[PDB]
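make a model of this:
(2 chains)
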Amino acid sequence: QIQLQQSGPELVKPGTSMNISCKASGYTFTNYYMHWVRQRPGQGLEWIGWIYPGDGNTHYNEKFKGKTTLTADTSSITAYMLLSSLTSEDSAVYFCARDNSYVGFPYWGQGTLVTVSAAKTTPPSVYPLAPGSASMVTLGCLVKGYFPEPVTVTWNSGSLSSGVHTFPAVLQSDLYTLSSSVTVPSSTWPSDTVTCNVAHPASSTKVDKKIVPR
Amino acid sequence: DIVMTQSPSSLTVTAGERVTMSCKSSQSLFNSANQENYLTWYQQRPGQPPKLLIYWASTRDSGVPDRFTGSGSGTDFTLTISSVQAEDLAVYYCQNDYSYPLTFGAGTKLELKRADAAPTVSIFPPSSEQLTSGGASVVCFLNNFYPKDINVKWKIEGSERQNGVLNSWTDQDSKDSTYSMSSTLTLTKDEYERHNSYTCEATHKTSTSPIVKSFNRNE
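Residues are numbered from 1 along each chain as shown, chains lettered A, B, ... in the order given. Below is the structure:
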């Protein structure tokens, strides 16, 4: 039951500093190294460094040593990484990863998406996609005009997962627009309720839009 | 810097066939003292953290199927999947775990090959909530097709519209290996109500005739 739970996505301005967390549960926090890995959008993985929470010992990749500080708090079994003097190149997903006594990283956090931008945080407008009035039927939700990434879309709070397609967002108008598709038996709609659950964690916004017929 | 070179950049294979991807290190990862190769393989599905596949170049981690096999020594390493499943679609990374800094390869993207499939097309008018926004989005879903290449044309009363259209493809489906794409035509409320008939045309290699879905404002 190892769990590395990282802090939520954050929008930070260029030249500022950002602290991200990784709460490590299910094991002795002071007996294992905690590594950090960066993955820029669409790019590969880069190793940042590690910390040994048992004594504060650290070792950094020289590429990140100038602007990265790793700390750990044993009382709260939480590891921290301070990224300072952030640039647009630093926009990436940051993972925390625990190693094992073999080599490699068997346990990973979910990753924290950091967007370095001067734009403002904008929650999305969620619009229902219902078929025009004129076997099975496809519905959808339009998640338009948000910043920054990401958003999560579920249907009926996870019940409708088969036949669900969520399309990657595209950046236009300095904002992201995303759509998600769901196809259910035609006998179940509008007989039963179909609802999209949109969450924009960088804005702490959640929307539950019910798809009603026209 | 130990540079890790992975080849090829991407694979394409039919379900059930065998693939082998290569990882080469600019310096030896072989420890002559204990006769071990400090080489690790990872599998990363879209939107998820990397998952540990094989360590010590050839030792599989707990719960990894036996179809995954790592081989090689020194500077030449391979990852073999004896019978690729639809769920095996991912980017596979090798990692130097021998000397600092720890370094990863650029990854090898495993894509799947399957029978051609025509898309299912659905068109959706702007919602009444978005019409109060002063904007109007016309969305067209093209679900579960193969191959990935597909064309979408928008028509407003029979006249083609070029820009204002944004398309987005899903990742390959992890169980049926199909693709889906969305096409969104965004206009202002005034320009949308200036017209009546909106048409989304999908032309895929599975047919010489386009699949055409239409919506009229006065339906």
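
residue B:119 is in contact with residue B:207, isn't it?
No: checked against C-beta atoms under 8 Å, the pair residue B:119 and residue B:207 is beyond contact range at 9.7 Å. The way it works is simple: take the backbone N, C-alpha and C, and place the C-beta from them, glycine included.

which of these two has more neighbours?
Neighbour count, other C-beta atoms under 10 Å in any protein chain shown: between residue B:119 and residue B:207, residue B:119 has more, with 23 against 12.

just say helix, strand or coil for residue A:208.
Using DSSP: H, G, I helix; E, B strand; the rest coil, the structure places residue A:208 in strand.

in contact with residue B:46, which residues are there?
B:90, B:171 (C-beta atoms under 8 Å, 6 or more residues apart in numbering or on different chains).

and the spatially most central residue of chain B, how close does it get to residue B:134?
Nearest residue to the geometric centre of chain B (C-alpha atoms, centre = their mean): residue B:171, 3.2 Å. Note on residue B:171: its distance to residue B:134, by C-beta to C-beta, to the nearest Å, is 33 Å.

with residue A:195 instead?
From residue A:195 to residue B:134 the distance is 26 Å (C-beta to C-beta).

of those two, give the one with the bigger neighbour count.
Shown here are residue A:195 and residue B:134; by other C-beta under 10 Å, residue A:195 has more neighbours (19 against 9).

about what we covered before: which SS class is the closest residue to the residue nearest to the centre of chain B other than its chain neighbours?
Spatially, and ignoring its direct neighbours in sequence, residue B:171 is nearest to residue B:46 (4.6 Å; C-beta to C-beta, 6 or more residues apart in numbering or on different chains). Using three-state DSSP, the structure places residue B:46 in coil.

ok, what's across the strand from the nearest residue in space to residue A:151 that is not next to it in sequence?
Counting by C-beta to C-beta, 6+ apart, residue A:151 lies nearest to residue A:200, which is 5.2 Å off, once chain neighbours are set aside. With DSSP bridges as the criterion, residue A:200 is bridged to residue A:205.

mark out where each domain of chain B begins and ends.
Domain ranges of chain B: B:4-113, B:120-216, per curated CATH domains.

of all these, which one is nearest residue A:121?
With C-beta to C-beta as the measure, domain B:120-216 is the member of those nearest residue A:121 (18.9 Å).

span of that closest one from start to end?
End-to-end span of domain B:120-216 (C-alpha to C-alpha, to the nearest Å): 20 Å.

same deal with stretch B:53-73?
For stretch B:53-73, the first-to-last residue distance is 17 Å (C-alpha to C-alpha).

could you give me the buried positions within it?
By neighbour count on 16 or more other C-beta atoms under 10 Å in any protein chain shown, the buried set for stretch B:53-73 is B:53-58, B:60-61, B:64, B:68-70, B:72.

which one among the residues you listed gets closest to residue A:151?
Nearest to residue A:151, judged by C-beta to C-beta, of the buried residues of stretch B:53-73 is residue B:53 at 29.9 Å.

what's near enough to touch residue 18?
Because you didn't say which chain, this covers chain A. Applying C-beta under 8 Å, 6+ apart to residue A:18 gives the contacts A:10, A:12, A:82, A:83, A:86, A:114.

correction: the question concerned chain B.
By C-beta under 8 Å, 6+ apart, residue B:18 lies in contact with B:80, B:81, B:82, B:83, B:84.

over to the residue in chain A sticking out farthest from the centre. Which of the three states is it?
Here the centre of chain A is the reference, and by C-alpha atoms, centre = their mean the most remote residue is residue A:134, at 39.1 Å. State at residue A:134, reduced to three classes by three-state DSSP: coil.

just checking, it touches residue B:216?
Yes: with contact defined as C-beta under 8 Å, residue A:134 reaches residue B:216; the gap is 6.6 Å.

what about residue 31, neighbour count?
If you meant another chain, say so; for now it's chain A. If you count neighbours by other C-beta under 10 Å, residue A:31 ends up with 10.

my question was about chain B
Neighbours of residue B:31 under the rule other C-beta under 10 Å: 11.

how about residue A:30?
Counted with other C-beta under 10 Å, the neighbours of residue A:30 add up to 12.

quick check: the gap between it and residue A:132.
Counting by C-beta to C-beta, the gap from residue A:30 to residue A:132 is 61 Å.

repeat that for residue B:36.
Distance of residue B:36 to residue A:132, given as C-beta to C-beta: 64 Å.

those two: which is more packed in?
Ranked by neighbour count (other C-beta under 10 Å), residue B:36 and residue A:132 place residue B:36 first, with 19 against 16.

any idea how far chain A is from the more buried one?
Noted for residue B:36: a distance of 9 Å to chain A, by C-beta to the nearest C-beta, to the nearest Å.

and the nearest residue to that residue once chain neighbours are set aside, its phi and psi?
Closest residue in space to residue B:36, ignoring its immediate chain neighbours: residue B:56 at 5.6 Å, by C-beta to C-beta, 6+ apart. Per-residue torsions, residue B:56: phi 60, psi 30 (degrees, to the nearest 10).

spit out the contact partners of residue B:56.
So residue B:56 contacts A:102, A:103, B:36, B:37, B:38, B:39 (C-beta under 8 Å, 6+ apart).

equivalent analysis for residue A:168, please.
By C-beta under 8 Å, 6+ apart, residue A:168 lies in contact with A:178, B:168, B:169, B:170, B:171.

count residues in the vicinity of the third one, would you?
Number of residues near residue B:169 (other C-beta under 10 Å) recorded here: 15.

same thing with the first one?
By other C-beta under 10 Å, 24 other residues sit near residue A:178.

what bridges to it?
In this entry, residue A:178 is beta-bridged to residue A:143, by DSSP bridges.

can you tell me how far the residue farthest from the centre of chain A is from residue A:12?
Distance of residue A:134 to residue A:12, computed by C-beta to C-beta: 48 Å.

all set, thanks.
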